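The next block holds one structure in the form of structure tokens; read it before the comments.
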Amino acid sequence: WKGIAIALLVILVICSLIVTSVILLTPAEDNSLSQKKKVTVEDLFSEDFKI
Amino acid sequence: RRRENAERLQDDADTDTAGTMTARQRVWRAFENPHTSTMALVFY
């Protein structure tokens, strides 16, 4: 009565691996912070922007 | 006393539950009781 439980364990772990795969697959997130300071008032008169 | 002894007699007719062999309803009853077949228990 234990081997049937082993088959149940293997089918449930197959299902769980499917769940983990879809968890890593469907939400293909990407933050891409690109944290650079916004242009301030003095920037137009900063020497860097002095064309 | 008689209703007591009829109470212990009504369930004495539990014989229809005896020997996926008859129809779709057969496998239905098979997984209704999760000890008849290996599929029933694993599903349960």
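In the structure tokens, chains take the letters A, B, ... in the order shown, each chain's residues start at 1, and ligands count up from 1 in the order shown.
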As a tab-separated table (two decimals) with C-alpha atoms, in the first residue's frame, list the residues of chain A assigned to alpha helix (DSSP H) by DSSP on the backbone atoms of this structure.
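Result saved to states_20.tsv:
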```tsv
chain	number	residue	atom	x	y	z
A	3	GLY	CA	4.05	1.99	-3.88
A	4	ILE	CA	0.70	3.53	-4.79
A	5	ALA	CA	1.66	6.44	-2.53
A	6	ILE	CA	4.98	6.60	-4.40
A	7	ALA	CA	3.12	6.92	-7.71
A	8	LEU	CA	1.01	9.63	-6.10
A	9	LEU	CA	4.18	11.42	-4.99
A	10	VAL	CA	5.70	11.28	-8.46
A	11	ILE	CA	2.54	12.58	-10.15
A	12	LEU	CA	2.22	15.38	-7.58
A	13	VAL	CA	5.86	16.38	-8.00
A	14	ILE	CA	5.33	16.39	-11.78
A	15	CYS	CA	2.40	18.75	-11.23
A	16	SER	CA	4.45	20.90	-8.84
A	17	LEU	CA	7.32	21.15	-11.33
A	18	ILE	CA	4.80	22.17	-13.98
A	19	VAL	CA	3.56	24.87	-11.59
A	20	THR	CA	7.11	26.09	-10.91
A	21	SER	CA	7.88	26.13	-14.64
A	22	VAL	CA	4.78	28.20	-15.44
A	23	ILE	CA	5.63	30.46	-12.47
A	24	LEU	CA	9.03	31.17	-14.02
A	25	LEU	CA	7.58	31.30	-17.55
```
>> Near chain A, meaning an atom within 12 Å, which residues of chain B appear when counting only C-alpha atoms? Write them as a ChimeraX atom specification.
In response: /B:35,37-44
>> Can you measure atom CA of residue 5 of chain B to atom CA of residue 18 of chain B for me? One decimal in Å is fine.
In response: 24.7 Å
